[PDB]
Amino acid sequence: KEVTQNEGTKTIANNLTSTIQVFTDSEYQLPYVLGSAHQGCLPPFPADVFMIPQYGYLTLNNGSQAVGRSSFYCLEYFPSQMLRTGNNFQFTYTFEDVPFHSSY
Amino acid sequence: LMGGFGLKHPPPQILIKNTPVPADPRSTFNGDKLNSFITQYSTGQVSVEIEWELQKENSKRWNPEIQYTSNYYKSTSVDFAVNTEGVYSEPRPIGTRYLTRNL
């Protein structure tokens, strides 16, 4: 959807030819930012609509400055899938053997 | 703790010795052990060959890495070479850790 401002009025229209692009990092080549207990999960209650959080990462620093080993990453440098309004995306995943959580 | 690969069965140790050659003994029997020998030493060649397995680097880092390099500027001698007297030296210790990976 596209939103345009004219004076104080706001209108929203469909843009039918625009795309979004999606990919999974399956080779673990990006800083892995899950597991830090951040907000932005899918809501516990199924009727709620949620905003998607912004991605970012940290590197090595000395104070506020970068050192020689600091890495920069462009996510456009990864192959990704482009979807118009009629397309869809899916993938599957298998967990590795892990011990049972002990509930007792 | 000095660094390396720990091994339950490391490469076996290799023992080498010159076989003693007795000097001429007395012409009448004595039962004591023989303490008089011919002086000897040996020389030769030794070869060792090791196969190493490599783990390739697969990385999406955009900017260039840190690399080990040799100094560009002029010098009285070349590093890791012989000098005027024929002596080979190693200027600095060289570690293994240059490329980077995500934690």
# chains A, B, ... in the order shown; residues from 1 in each chain; ligands from 1
call {"tool": "residues_around", "arguments": {"residues": "residue 41 of chain A", "least_positions_apart": "4", "cutoff": "10 Å", "atoms": "only C-alpha atoms", "output": "ChimeraX atom specification"}}
result
/A:37,50-53
call {"tool": "interface_residues", "arguments": {"of": "chain A", "to": "chain B", "cutoff": "7 Å", "atoms": "only C-alpha atoms", "output": "list in words"}}
result
residues 29, 31, 69, 71, 72, 73 and 74 of chain A
call {"tool": "write_last_selection", "arguments": {"atoms": "C-alpha atoms", "output": "PDB file, in the first residue's frame"}}
result
ATOM      1  CA  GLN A  29      26.251 -16.007   7.710  1.00  0.00           C
ATOM      2  CA  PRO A  31      24.955 -11.946  13.117  1.00  0.00           C
ATOM      3  CA  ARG A  69      38.317  -6.525  12.495  1.00  0.00           C
ATOM      4  CA  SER A  71      32.589  -6.299   9.821  1.00  0.00           C
ATOM      5  CA  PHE A  72      29.935  -4.653   7.672  1.00  0.00           C
ATOM      6  CA  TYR A  73      27.089  -6.587   6.042  1.00  0.00           C
ATOM      7  CA  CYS A  74      24.746  -5.682   3.192  1.00  0.00           C
TER       8      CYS A  74
END
call {"tool": "residues_around", "arguments": {"residues": "residue 16 of chain A", "least_positions_apart": "5", "cutoff": "9 Å", "atoms": "only C-alpha atoms", "output": "list in words"}}
result
residues 1, 84 and 85 of chain A
call {"tool": "residues_around", "arguments": {"residues": "segment 9-23 of chain B", "least_positions_apart": "5", "cutoff": "10 Å", "atoms": "only C-alpha atoms", "output": "PDB file with N, CA and C atoms, in the first residue's frame"}}
result
ATOM      1  N   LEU B  34      82.919 -55.691  28.137  1.00  0.00           N
ATOM      2  CA  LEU B  34      83.899 -55.006  27.313  1.00  0.00           C
ATOM      3  C   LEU B  34      83.660 -53.505  27.341  1.00  0.00           C
ATOM      4  N   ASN B  35      84.651 -52.769  27.831  1.00  0.00           N
ATOM      5  CA  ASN B  35      84.563 -51.320  27.923  1.00  0.00           C
ATOM      6  C   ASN B  35      85.295 -50.550  26.833  1.00  0.00           C
ATOM      7  N   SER B  36      85.912 -51.208  25.860  1.00  0.00           N
ATOM      8  CA  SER B  36      86.755 -50.532  24.879  1.00  0.00           C
ATOM      9  C   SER B  36      86.158 -50.662  23.485  1.00  0.00           C
ATOM     10  N   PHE B  37      85.877 -49.527  22.850  1.00  0.00           N
ATOM     11  CA  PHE B  37      85.156 -49.525  21.587  1.00  0.00           C
ATOM     12  C   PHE B  37      85.861 -48.648  20.570  1.00  0.00           C
ATOM     13  N   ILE B  38      85.460 -48.817  19.320  1.00  0.00           N
ATOM     14  CA  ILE B  38      85.889 -47.949  18.232  1.00  0.00           C
ATOM     15  C   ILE B  38      84.964 -46.742  18.182  1.00  0.00           C
ATOM     16  N   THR B  39      85.530 -45.562  17.969  1.00  0.00           N
ATOM     17  CA  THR B  39      84.731 -44.344  17.946  1.00  0.00           C
ATOM     18  C   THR B  39      84.056 -44.184  16.590  1.00  0.00           C
ATOM     19  N   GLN B  40      82.741 -43.983  16.595  1.00  0.00           N
ATOM     20  CA  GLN B  40      81.970 -43.896  15.367  1.00  0.00           C
ATOM     21  C   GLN B  40      80.889 -42.832  15.468  1.00  0.00           C
ATOM     22  N   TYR B  41      80.390 -42.440  14.301  1.00  0.00           N
ATOM     23  CA  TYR B  41      79.206 -41.610  14.178  1.00  0.00           C
ATOM     24  C   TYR B  41      78.605 -41.901  12.815  1.00  0.00           C
ATOM     25  N   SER B  42      77.361 -41.488  12.623  1.00  0.00           N
ATOM     26  CA  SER B  42      76.671 -41.753  11.375  1.00  0.00           C
ATOM     27  C   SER B  42      75.950 -40.506  10.889  1.00  0.00           C
TER      28      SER B  42
END
call {"tool": "closest_residue", "arguments": {"among": "B:68, B:25, B:45, B:6", "to": "residue 95 of chain B", "atoms": "only C-alpha atoms"}}
result
B:68
call {"tool": "residues_around", "arguments": {"residues": "residue 83 of chain A", "least_positions_apart": "2", "cutoff": "6 Å", "atoms": "only C-alpha atoms", "output": "PyMOL selection string"}}
result
chain A and resi 19-20+87
call {"tool": "write_last_selection", "arguments": {"atoms": "N, CA, C and O atoms", "output": "short mmCIF file (atom, residue, chain, number, x, y, z; two decimals), in the first residue's frame"}}
result
data_model
loop_
_atom_site.label_atom_id
_atom_site.label_comp_id
_atom_site.auth_asym_id
_atom_site.auth_seq_id
_atom_site.Cartn_x
_atom_site.Cartn_y
_atom_site.Cartn_z
N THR A 19 6.64 -4.97 -4.93
CA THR A 19 7.08 -6.23 -4.35
C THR A 19 7.62 -6.01 -2.94
O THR A 19 7.94 -4.90 -2.53
N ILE A 20 7.69 -7.12 -2.21
CA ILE A 20 8.50 -7.28 -1.02
C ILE A 20 9.51 -8.37 -1.35
O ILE A 20 9.32 -9.14 -2.29
N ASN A 87 1.78 -13.78 -4.87
CA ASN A 87 2.78 -14.80 -4.59
C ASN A 87 2.77 -15.18 -3.12
O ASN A 87 2.10 -14.55 -2.29
#
call {"tool": "residues_around", "arguments": {"residues": "segment 88-92 of chain A", "least_positions_apart": "5", "cutoff": "10 Å", "atoms": "only C-alpha atoms", "output": "mmCIF file with N, CA, C and O atoms, in the first residue's frame"}}
result
data_model
loop_
_atom_site.group_PDB
_atom_site.id
_atom_site.type_symbol
_atom_site.label_atom_id
_atom_site.label_comp_id
_atom_site.auth_asym_id
_atom_site.auth_seq_id
_atom_site.Cartn_x
_atom_site.Cartn_y
_atom_site.Cartn_z
ATOM 1 N N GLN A 21 10.591 -8.426 -0.594
ATOM 2 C CA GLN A 21 11.564 -9.489 -0.782
ATOM 3 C C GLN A 21 11.950 -10.118 0.548
ATOM 4 O O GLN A 21 12.042 -9.431 1.566
ATOM 5 N N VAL A 22 12.133 -11.435 0.528
ATOM 6 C CA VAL A 22 12.275 -12.266 1.715
ATOM 7 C C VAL A 22 13.423 -13.235 1.480
ATOM 8 O O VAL A 22 13.619 -13.705 0.357
ATOM 9 N N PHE A 23 14.178 -13.543 2.530
ATOM 10 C CA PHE A 23 15.086 -14.679 2.479
ATOM 11 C C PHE A 23 15.318 -15.194 3.891
ATOM 12 O O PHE A 23 15.071 -14.501 4.878
ATOM 13 N N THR A 24 15.775 -16.435 3.973
ATOM 14 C CA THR A 24 16.220 -17.037 5.220
ATOM 15 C C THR A 24 17.732 -17.119 5.180
ATOM 16 O O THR A 24 18.306 -17.415 4.132
ATOM 17 N N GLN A 81 13.877 -13.790 -2.523
ATOM 18 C CA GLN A 81 12.706 -14.002 -3.356
ATOM 19 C C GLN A 81 11.840 -12.753 -3.348
ATOM 20 O O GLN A 81 11.655 -12.131 -2.303
ATOM 21 N N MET A 82 11.318 -12.386 -4.512
ATOM 22 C CA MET A 82 10.504 -11.191 -4.656
ATOM 23 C C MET A 82 9.057 -11.607 -4.880
ATOM 24 O O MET A 82 8.786 -12.507 -5.677
ATOM 25 N N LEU A 83 8.135 -10.982 -4.158
ATOM 26 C CA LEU A 83 6.733 -11.363 -4.216
ATOM 27 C C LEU A 83 5.873 -10.155 -4.533
ATOM 28 O O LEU A 83 5.969 -9.132 -3.854
#
call {"tool": "residues_around", "arguments": {"residues": "segment 25-27 of chain A", "least_positions_apart": "5", "cutoff": "10 Å", "atoms": "only C-alpha atoms", "output": "PyMOL selection string"}}
result
(chain A and resi 32+75+78-80+93) or (chain B and resi 58-59)
call {"tool": "select_by_dssp", "arguments": {"residues": "chain B", "states": "strand (DSSP E or B)", "output": "PyMOL selection string"}}
result
chain B and resi 22+37+82+88
call {"tool": "write_last_selection", "arguments": {"atoms": "C-alpha atoms", "output": "short mmCIF file (atom, residue, chain, number, x, y, z; two decimals), in the first residue's frame"}}
result
data_model
loop_
_atom_site.label_atom_id
_atom_site.label_comp_id
_atom_site.auth_asym_id
_atom_site.auth_seq_id
_atom_site.Cartn_x
_atom_site.Cartn_y
_atom_site.Cartn_z
CA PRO B 22 84.37 -53.51 20.06
CA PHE B 37 85.16 -49.53 21.59
CA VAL B 82 69.85 -15.67 4.92
CA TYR B 88 68.84 -18.00 8.41
#
call {"tool": "atom_distance", "arguments": {"atom1": "atom CA of residue 55 of chain B", "atom2": "atom CA of residue 5 of chain B"}}
result
15.7 Å
